[PDB]
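The chain below stands alone, shown as structure tokens; this is the form deposited in one PDB entry.
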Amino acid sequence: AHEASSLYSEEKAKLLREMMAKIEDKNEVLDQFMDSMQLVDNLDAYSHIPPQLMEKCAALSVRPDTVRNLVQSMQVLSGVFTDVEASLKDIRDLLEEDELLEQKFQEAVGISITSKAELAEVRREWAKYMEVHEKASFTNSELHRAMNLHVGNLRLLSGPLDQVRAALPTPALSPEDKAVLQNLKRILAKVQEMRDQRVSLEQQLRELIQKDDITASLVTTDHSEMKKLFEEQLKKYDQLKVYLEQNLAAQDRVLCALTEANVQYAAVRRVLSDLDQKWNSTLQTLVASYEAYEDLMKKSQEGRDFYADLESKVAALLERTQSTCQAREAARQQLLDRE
């Protein structure tokens, strides 16, 4: 009696173990093909502006014409650069003309230590501002090349949002390629439903066996009726195994369809991959142009402050220069006259 119920639990455990084997095999095959093919419909996302880029566009509009004012400010900085260079050139011309006249004067006859020493300080101070100016020349030049490099995107990011979205590349798929996408998406849907019903059918079979072990064991008790009762339960198990076997057999036709669709998808796959590469490429130049905009605001301010301080010094040195050179010439006028 106790051995008949034990022989039936072994028969139930065996058929359940054969079931779990056929499922693991079919899943192993199925998983290898999915992993090997690597396979979606988020094509509308290309038509959207990423939220992080919209926050940057809105930042260029909280202050009206910030890109225009940055461009103008760069032109002002470029203006005071050439002004400094020209005043430094004026001081040079005065020192060169004075040194020429002094050589001619010392030849025509056989001076003043005070003006000579002031003229030497002007020369020293001039070369100081020449070294600082030429040092900041490469910096000023690179600042303007960077401005020119990014101003077109900064104008784009400042304009209306629809032109920003128009700068991004969109998919241009023919009706044939959409069909290849739809067919591929339809088969993948069938694969997932096959996976779901497989998990479901196995659970039902496991629960049918579990409920039979709660019933004809944990509460009730039989006698010689174990022969017919085991046939009743076994009929229920076999009907579910029929559905499960249909599910397993169906996998072979589905894999053939999926691998065939994957061959048609190969041209579309590369087109869409190049579109994603291009989309993130243009997006990153817009991000980089916004990053350069912050750095340009900072360095444009540093440059205008530097060259304003430097223009003031060079303008003041030009005053000392023309005063010293004029006085030194008046001295040569007086001396060479009384000769």
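Here the rigid core means the biggest group of C-alpha atoms that line up within 1.5 Å when the two forms are laid on top of each other. Counting begins at 1, following the sequence as shown.
The same protein also has a form deposited in another entry, omitted here; what follows describes it.
Looking at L240, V191, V151, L95 after a core superposition between this form and the one not shown, you find that only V151 has a C-alpha shift of 2 Å or more. Comparing the forms between this form and the one not shown, the C-alpha position of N27 differs by less than 2 angstroms, with the core used for superposition. Core-superposed comparison between this form and the one not shown: the Cα of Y307 travels less than 2 Å. When two forms of a protein are overlaid on their rigid core, residues whose CA moves 2 Å or more are considered shifted, and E231 is one of them between this form and the one not shown.
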